[PDB]
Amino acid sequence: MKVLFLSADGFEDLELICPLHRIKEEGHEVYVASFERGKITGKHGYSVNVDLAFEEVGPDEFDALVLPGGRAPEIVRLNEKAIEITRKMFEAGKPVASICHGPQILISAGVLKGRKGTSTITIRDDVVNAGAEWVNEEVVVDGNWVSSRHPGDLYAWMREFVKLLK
């Protein structure tokens, strides 16, 4: 599988880096995208290399999407390309995994009407106002959409997501 992560500076470090390694473990290719190639820096000061700019991504290329949290989703969600990439991969029924603030991107993509998932509770209202049903669970699986709340949930988030790549 080719697996795509969308992020930017201020990502929650664990929420990006642990899944990155978890997926490589399976021998999948992982690609990190952001505003531009280079490096991004997390809330806790870890860096990661960006493989692709949003501009250069063909949604079709990629088999699955990941949307980690932190502050990054607040600026990612303003990017038209990132929104398109997200809308397309999600409406195609490809596996999409979000955590924490990740769903801010899904909101801005307009894809949540009549879906069910979770998020950090601090944006619950905003998820509800996007027409999704919010629940408070460590992981939710709603067809292709696999969603968790915070870093404590990682093990369960990834337990369920890797199932979807098999």
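Throughout, we count residues from 1 along the sequence that is shown.
A.B. asks: On mean Cα temperature factor in this entry, is 72-80 or 90-98 the higher one?
C.D. replies: Taking the mean B-factor of the alpha carbons in each, 90-98 is higher.
A.B. asks: Per the entry, where is the mean C-alpha temperature factor higher: 106-114 or 39-47?
C.D. replies: Taking the mean B-factor of the alpha carbons in each, 106-114 is higher.
A.B. asks: Identify, among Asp142, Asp13, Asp9, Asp153, the residue whose C-alpha carries the highest B-factor in the deposited PDB entry.
C.D. replies: Of the candidates given, the C-alpha B-factor peaks at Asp142.
A.B. asks: Split the chain's modelled residues into thirds by Cα B-factor; is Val127 in the lowest, middle or highest one?
C.D. replies: Tercile = middle for this residue's CA B-factor.
A.B. asks: For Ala64, does the deposited CA B-factor place it in the lowest, middle or highest third of the chain?
C.D. replies: According to the entry, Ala64 has a C-alpha B-factor in the chain's middle third.
A.B. asks: Among the modelled residues of this chain, does the Cα B factor of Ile23 put it in the lowest, middle or highest third?
C.D. replies: Its C-alpha B-factor belongs to the highest third of this chain's values.
A.B. asks: Just say lowest, middle or highest third for the CA B-factor of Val135 relative to the other modelled residues in its chain.
C.D. replies: Top third by C-alpha B-factor.
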